[PDB]
Amino acid sequence: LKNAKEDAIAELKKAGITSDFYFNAXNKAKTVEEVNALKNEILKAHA
């Protein structure tokens with residue numbers, strides 16, 4: 001549930017954008033849906 005934030009962070013930071021984290025979408029994302037959406041946004045933004 002709330003661990004979705006951490007999972008998304010770790011996922012993209014370790015095996016998504018090589019080594020990135022710096023947007024605040026990580027903090028703003030409260031609910032799972034937001035985490036997934038904002039993760040997609042970060043992922044597409046960095047491509």
# chains A, B, ... in the order shown; residues from 1 in each chain; ligands from 1

$ select_by_dssp --residues "chain A" --states "helix (DSSP H, G or I)" --output "number ranges by chain"
A: 4-15, 25-28, 32-46

$ residues_around --residues "residue 16 of chain A" --least-positions-apart "3" --cutoff "12 Å" --atoms "only C-alpha atoms" --output "PDB file with C-alpha atoms, in the first residue's frame"
ATOM      1  CA  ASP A   7       8.990   0.504  -4.436  1.00  0.00           C
ATOM      2  CA  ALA A   8       8.573   3.009  -7.260  1.00  0.00           C
ATOM      3  CA  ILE A   9      11.584   5.007  -6.087  1.00  0.00           C
ATOM      4  CA  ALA A  10      13.798   1.936  -5.768  1.00  0.00           C
ATOM      5  CA  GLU A  11      12.537   0.524  -9.058  1.00  0.00           C
ATOM      6  CA  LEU A  12      13.266   3.577 -11.206  1.00  0.00           C
ATOM      7  CA  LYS A  13      16.363   4.591  -9.229  1.00  0.00           C
ATOM      8  CA  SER A  19      20.558   6.412 -11.268  1.00  0.00           C
ATOM      9  CA  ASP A  20      17.973   9.161 -10.822  1.00  0.00           C
ATOM     10  CA  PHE A  21      15.460  10.422  -8.282  1.00  0.00           C
ATOM     11  CA  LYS A  39       6.364   7.132 -11.609  1.00  0.00           C
ATOM     12  CA  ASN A  40       5.192   6.864 -15.205  1.00  0.00           C
ATOM     13  CA  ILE A  42       9.186  10.517 -14.227  1.00  0.00           C
ATOM     14  CA  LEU A  43       9.929   7.452 -16.326  1.00  0.00           C
ATOM     15  CA  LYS A  44       8.606   9.045 -19.522  1.00  0.00           C
ATOM     16  CA  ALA A  45      10.160  12.440 -18.722  1.00  0.00           C
ATOM     17  CA  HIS A  46      13.610  10.876 -18.397  1.00  0.00           C
ATOM     18  CA  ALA A  47      12.811   8.197 -20.998  1.00  0.00           C
TER      19      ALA A  47
END

$ residues_around --residues "segment 1-5 of chain A" --least-positions-apart "6" --cutoff "10 Å" --atoms "only C-alpha atoms" --output "number ranges by chain"
A: 11, 25-36, 38-39

$ write_last_selection --atoms "C-alpha atoms" --output "compact mmCIF listing (two decimals), in the first residue's frame"
# COMPACT_ATOMS: atom_id res chain seq x y z
CA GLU A 11 12.54 0.52 -9.06
CA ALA A 25 6.76 13.67 -7.69
CA UNK A 26 8.68 10.85 -4.54
CA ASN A 27 7.10 13.11 -1.97
CA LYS A 28 3.93 14.45 -3.60
CA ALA A 29 2.70 10.94 -4.44
CA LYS A 30 0.66 9.85 -1.43
CA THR A 31 -1.62 7.10 -2.74
CA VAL A 32 -0.66 4.05 -4.85
CA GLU A 33 -2.46 5.43 -7.92
CA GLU A 34 -0.48 8.66 -7.63
CA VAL A 35 2.76 6.77 -7.15
CA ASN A 36 2.15 4.68 -10.28
CA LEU A 38 3.87 9.97 -11.17
CA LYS A 39 6.36 7.13 -11.61
